[PDB]
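For reference, the structure discussed in these notes is given below.
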Amino acid sequence: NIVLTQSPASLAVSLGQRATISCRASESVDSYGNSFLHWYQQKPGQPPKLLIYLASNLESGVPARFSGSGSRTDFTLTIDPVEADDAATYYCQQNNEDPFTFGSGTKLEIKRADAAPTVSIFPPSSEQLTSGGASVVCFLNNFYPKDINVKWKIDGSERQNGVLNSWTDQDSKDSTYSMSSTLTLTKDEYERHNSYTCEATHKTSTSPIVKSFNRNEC
Amino acid sequence: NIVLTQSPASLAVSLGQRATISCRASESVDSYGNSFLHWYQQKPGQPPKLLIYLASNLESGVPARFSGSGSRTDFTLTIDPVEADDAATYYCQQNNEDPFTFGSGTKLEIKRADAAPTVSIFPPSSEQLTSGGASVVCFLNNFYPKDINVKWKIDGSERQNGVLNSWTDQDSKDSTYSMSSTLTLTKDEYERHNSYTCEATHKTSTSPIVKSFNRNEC
Amino acid sequence: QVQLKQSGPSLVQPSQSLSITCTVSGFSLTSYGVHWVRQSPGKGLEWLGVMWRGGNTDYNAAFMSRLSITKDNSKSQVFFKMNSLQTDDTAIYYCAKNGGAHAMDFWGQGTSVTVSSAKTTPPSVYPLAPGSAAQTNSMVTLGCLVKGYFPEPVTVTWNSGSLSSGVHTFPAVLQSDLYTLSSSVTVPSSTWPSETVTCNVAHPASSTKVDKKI
Amino acid sequence: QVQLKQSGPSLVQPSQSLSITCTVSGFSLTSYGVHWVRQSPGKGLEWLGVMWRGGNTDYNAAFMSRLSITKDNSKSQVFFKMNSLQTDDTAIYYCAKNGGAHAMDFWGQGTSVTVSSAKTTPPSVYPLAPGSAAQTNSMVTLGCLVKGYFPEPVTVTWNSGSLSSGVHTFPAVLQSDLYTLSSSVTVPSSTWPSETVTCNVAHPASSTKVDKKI
Amino acid sequence: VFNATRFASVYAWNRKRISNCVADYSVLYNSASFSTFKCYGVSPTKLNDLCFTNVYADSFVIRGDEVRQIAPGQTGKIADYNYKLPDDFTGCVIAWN
């Protein structure tokens, strides 16, 4: 058995720099005539692909920016320069002994400049109001870093019952993040107060992100 | 006050399978880096003991078959391999907010092979009959499943006043069911007829398991 | 080495007070707090209180004014003071050591605290011998009838606990300030009426021990 | 040119079995051994097994007794039979072509196999339509709220996938035996409310197509 | 150090600094008295003859399901909060029931 304790668990490397994804192994020797392994990539918005075979060779379909080498246990995956195609999880696989397990997985994050999110609020549809429900969504997309917290504040009192968030990972190409905050309530809650407030606090926006929506938006 | 809606309320898992028991929660969240809870196992004749703490760490002193995981709200208990000594209930404890309440409680039973009950009846002592009462005990032990209709039927007609059963559920050591039926009658009713009948109908046995006794057996 | 047993309560009358003594051993009482719980009345397991590691004590909204916990660090004994006990306040208490993440690592034996206006009724033990028509299949059932006792707990066995695997236990029926307990013991068919079958009973509340031969 | 996508399972309970059908294209089954893996269920990527070229097959140490590979050389399809699955095994299962040094050169799209005791439920789609008071600045965002479906996946597109400029797919929020999926797409203002817009939602687990006009 | 009286805890692990001596590792690897013998950065058969400036012997006790957690970059409650092994750890770890 080979325990590929790949490290680190995640990286924050900006564009144009050198990212280092190490991969620790225990066994074995003489893969083909040496102690090399294969590297792979698993993107969140695209199927996976093979980057480096035998840890020293290039593969068609991917750029030549991926390189590296490795000893019996100390392996290295060098991505130099980092462009906007690297936001994904990287793995290392030994094939000289069953099971052909992979590494722990290094989630490389493209450390671009800080960017504020978009602003878009969607009142409920006619079918929702007809059925008595009212689900409002306050989207905050195209931002960096992923650290974002939405506070659904109704003018009467802050509501935190039906608050759900969808934290989308960094797309392979689009280096920005995307998060959607929902609030599923009844029609009486939507018709409770004239105005409402979608509050949020992001690292980029020093001022509190505030966008209101009225009950008459139908 | 968090009412941990522990589901399922009961399970009949056979030998060699994997039992899965959930535990719902709603508060709190992100105490330090998670909001995991604990698990316990209460026997029918002994208070419970700690199996898993923080839903991801094993505790010594108990069998190693118990494990589990959990999200911030849903916590899972994994019992693998299910053996013939895991005939007991389970619980999950609230720890993030006081009071340290528990869940509903899942009653796990081992699906053993079918078996017929014993055939024997026990009349009372001479002192009980002399005082005016009568306590005849009719045992139906070491049977499976628990689906058995026990009802006293005196020679005159079906009895509905002195009917009383004491059901013993599946024990850890004894994986079979046991039920002791009692008969509450007076001296005259005990000596009203010559023979009486302790009638019972088991699920697998189409014919009723009966055992009669005479008033002179004392 | 580890001991969390309880003693003291036998039977309580309505509108009275009483304290339970749970002896602590096997661990530093100053480093770990003792929990208190009930035996699942109605819904799942109910929790009463716990003394912190030299801090404060937690209670429920309904039991903060009536029940109290006292942790004696010198004698290694945690006391559970009960106040204003009424007939509907029946409960079976247990002690348990506090763990790291507020866990319950060790557990005790507990005690059954019954509250009722009725007086202590000792058990009317009688032997359950099989009738003449009862047959054998290389095994014979023998039991002891512990009927007409109040309150819980009670222990019935064979030869003062000589056999523990063949002795079966049944639940006691709850009557009007009374109980009816049935029991049975599996033995070989050739061991009765040949061998002496002495059944022992123990009622800790009334301190009654009636021996009856089957 | 190459296709290694999976299909067949909709929803499975824990401690049960299933059957997956992976359609192989681009290479003959006799030329390369189809591999079989998962998609990061918690910890790192997990390897399951591989069927060699007309010979035996290797399996994972933790899945040799439970999981099995059934390779059909006549239909150009590799079938997989799994047994005794747990909720933690929920992940996308992939098929891949063998490389030179036992590598996985090509990778497919796979299928998101979900293990959970809950039952299947179709999606109750409700569109996120801006009201009449909604404003626009040279563009308008649109989306749908697909709540009340189980299990994953669910594909939300804009007019059968006509739009691809600002399409953003969000993860499904695990509810009580249900899921909640949101979406957000960026389209110029000349398409809505001018042209006909309709949310197209597909649930491959139930093969349901829900159309809701935005 | 291995045959010491009592080891320290997992969080107060005792770092025994050793220097200026001869260390035979092939006799220990071929002793057949260790439950686990897994090295990182160099094989146990090759590190027997190597010169170093300083070596350490960290004494602690952990459960059978926990010995697999002591590795470079391996997660775990003891691996992150009690004993953090270096990610570039070029030494060796041993254990015995």
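Residue numbering restarts at 1 for every chain of the structure tokens, chains are lettered A, B, ... in their displayed order, and ligands are numbered from 1 as they appear.
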Residue hits in chain B, query chain E, radius 10 Å, only C-alpha atoms, as a PyMOL selection string
chain B and resi 56-58+60
Requested write-out: C-alpha atoms of the selected residues, as a PDB file, in the first residue's frame:
ATOM      1  CA  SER B  56     -15.010  11.627  13.918  1.00  0.00           C
ATOM      2  CA  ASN B  57     -13.012  10.092  16.801  1.00  0.00           C
ATOM      3  CA  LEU B  58     -13.185   6.630  18.346  1.00  0.00           C
ATOM      4  CA  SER B  60     -11.744   3.017  23.812  1.00  0.00           C
TER       5      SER B  60
END
Contacts of range 41-57 of chain E at 7 Å or less, counting only C-alpha atoms, minus same-chain residues fewer than 3 places along, as a list in words?
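The filter keeps residues 72, 73 and 74 of chain A; 15, 16, 17, 18, 19, 24, 25, 26, 29, 90 and 91 of chain E.
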Produce a file of the selected residues containing N, CA and C atoms, as a compact mmCIF listing (two decimals), in the first residue's frame.
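Below you can see selection.txt, which holds the result:
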# COMPACT_ATOMS: atom_id res chain seq x y z
N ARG A 72 12.56 9.23 -4.76
CA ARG A 72 11.77 8.07 -4.36
C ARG A 72 10.49 8.49 -3.63
N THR A 73 10.58 9.54 -2.81
CA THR A 73 9.43 10.04 -2.05
C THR A 73 9.19 11.54 -2.21
N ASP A 74 10.23 12.34 -2.45
CA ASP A 74 10.09 13.79 -2.56
C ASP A 74 9.86 14.14 -4.03
N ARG E 15 11.52 15.82 22.87
CA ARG E 15 12.50 15.82 21.79
C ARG E 15 13.87 15.54 22.38
N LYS E 16 14.37 14.32 22.18
CA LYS E 16 15.68 13.92 22.69
C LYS E 16 16.73 14.23 21.63
N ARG E 17 17.46 15.33 21.83
CA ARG E 17 18.52 15.71 20.91
C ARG E 17 19.73 14.80 21.13
N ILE E 18 20.19 14.17 20.05
CA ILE E 18 21.31 13.23 20.08
C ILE E 18 22.35 13.72 19.09
N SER E 19 23.62 13.62 19.47
CA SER E 19 24.71 14.10 18.63
C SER E 19 26.01 13.41 19.02
N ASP E 24 23.35 2.71 14.24
CA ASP E 24 23.15 1.58 13.35
C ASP E 24 21.65 1.39 13.15
N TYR E 25 21.17 1.66 11.93
CA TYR E 25 19.75 1.55 11.60
C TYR E 25 19.40 0.25 10.90
N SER E 26 20.37 -0.40 10.25
CA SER E 26 20.10 -1.68 9.61
C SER E 26 19.79 -2.77 10.62
N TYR E 29 16.14 -2.04 11.54
CA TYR E 29 15.21 -2.34 10.45
C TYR E 29 15.03 -3.84 10.28
N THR E 90 12.73 14.32 6.03
CA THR E 90 13.58 13.33 5.37
C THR E 90 14.09 12.26 6.33
N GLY E 91 13.44 12.09 7.47
CA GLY E 91 13.83 11.11 8.46
C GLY E 91 13.05 9.82 8.33
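When CA of residue 51 in chain B is paired with CA of residue 41 in chain D, their separation reads 24.7 Å.
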Interface, chain A side, toward chain B (12 Å; only C-alpha atoms) as a VMD selection string
chain A and resid 160 to 162
List as a PyMOL selection string the protein and nucleic acid residues near range 86-93 of chain B, meaning an atom at most 7 Å away when only C-alpha atoms are counted, but skip any in the same chain fewer than 5 places from it.
chain B and resi 23+37-44+100-103+105-110+170-172
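Selecting chain B residues within 9 Å of chain D and counting only C-alpha atoms yields residues 17, 18, 19, 20 and 69 of chain B.
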Can you pull out the residues contacting residue 38 in chain E? Cut-off 7 Å, using only C-alpha atoms, and skip same-chain residues under 6 positions away; I want them as a ChimeraX atom specification.
/E:92-94
Write out as a PyMOL selection string the residues lying within 6 Å of range 130-138 of chain C, counting only C-alpha atoms and excluding same-chain residues fewer than 3 positions away.
(chain B and resi 120+122+217) or (chain C and resi 188-189)
Compile the contact shell of residue 138 in chain B as a JSON list (two decimals) with N, CA and C atoms, in the first residue's frame: residues with an atom at most 9 Å away, counting only C-alpha atoms, same-chain residues fewer than 4 positions apart removed.
[["chain", "number", "residue", "atom", "x", "y", "z"],
["B", 119, "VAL", "N", -42.93, -24.16, 25.51],
["B", 119, "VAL", "CA", -44.26, -24.67, 25.86],
["B", 119, "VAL", "C", -44.19, -25.09, 27.32],
["B", 120, "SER", "N", -44.69, -24.23, 28.22],
["B", 120, "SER", "CA", -44.69, -24.52, 29.64],
["B", 120, "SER", "C", -45.56, -23.49, 30.34],
["B", 121, "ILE", "N", -46.17, -23.89, 31.45],
["B", 121, "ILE", "CA", -47.03, -23.02, 32.25],
["B", 121, "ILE", "C", -46.81, -23.34, 33.71],
["B", 122, "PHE", "N", -46.97, -22.34, 34.57],
["B", 122, "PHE", "CA", -46.61, -22.41, 35.98],
["B", 122, "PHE", "C", -47.80, -22.02, 36.85],
["B", 123, "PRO", "N", -48.42, -22.93, 37.60],
["B", 123, "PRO", "CA", -49.53, -22.52, 38.48],
["B", 123, "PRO", "C", -49.01, -21.82, 39.72],
["B", 179, "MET", "N", -41.56, -13.59, 26.25],
["B", 179, "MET", "CA", -42.79, -12.97, 26.75],
["B", 179, "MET", "C", -43.41, -13.89, 27.79],
["B", 180, "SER", "N", -43.73, -13.32, 28.95],
["B", 180, "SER", "CA", -44.34, -14.05, 30.07],
["B", 180, "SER", "C", -45.74, -13.50, 30.29],
["B", 181, "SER", "N", -46.75, -14.34, 30.06],
["B", 181, "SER", "CA", -48.15, -13.96, 30.24],
["B", 181, "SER", "C", -48.63, -14.39, 31.62],
["B", 182, "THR", "N", -49.37, -13.50, 32.27],
["B", 182, "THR", "CA", -49.93, -13.74, 33.60],
["B", 182, "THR", "C", -51.45, -13.80, 33.51],
["B", 183, "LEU", "N", -52.05, -14.51, 34.47],
["B", 183, "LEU", "CA", -53.49, -14.70, 34.54],
["B", 183, "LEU", "C", -53.97, -14.26, 35.92],
["B", 198, "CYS", "N", -53.86, -21.49, 27.86],
["B", 198, "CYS", "CA", -53.01, -20.35, 27.54],
["B", 198, "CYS", "C", -52.74, -20.37, 26.04],
["B", 211, "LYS", "N", -50.87, -24.25, 25.88],
["B", 211, "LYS", "CA", -50.44, -25.04, 27.03],
["B", 211, "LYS", "C", -51.51, -24.92, 28.10]]
Name all residues at most 10 Å from residue 22 in chain C (count only C-alpha atoms; drop same-chain ones fewer than 5 positions away) and give them as a list in words.
residues 3, 4, 5, 6, 7, 8, 34, 71, 76, 77, 78, 79, 80, 93, 94, 95, 96, 108, 109, 110 and 111 of chain C
Pick from D:45, D:152, D:141, D:160, whichever lies nearest to residue 4 in chain A using only C-alpha atoms:
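Distance minimum relative to residue 4 in chain A lands on D:45.
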Residue set, range 40-193 of chain B restricted to strand (DSSP E or B), as a PyMOL selection string
chain B and resi 40-43+46-53+57-58+66-70+74-79+89-93+102+106-111+115+120-122+133-144+148-153+158+163-168+177-186
What does the structure give for the distance between CA of residue 59 in chain B and CA of residue 46 in chain B, in Å to one decimal?
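According to the coordinates, CA of residue 59 in chain B and CA of residue 46 in chain B are separated by 18.6 Å.
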Quick one: distance from CA of residue 83 in chain A to CA of residue 104 in chain D in Å, one decimal?
24.3 Å
Quick one: pick out all helix (DSSP H, G or I) residues within chain E from a backbone DSSP run and write them as a ChimeraX atom specification.
/E:26-29,67-69,77-81
Calculated over only C-alpha atoms, which of the candidates D:35, D:66, D:203, D:209 has the smallest distance to residue 98 in chain D?
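Counting only C-alpha atoms, the residue closest to residue 98 in chain D is D:35.
Shortest atom-to-atom contact with residue 61 in chain D among A:116, A:82, A:15, A:99: A:99, counting only C-alpha atoms.
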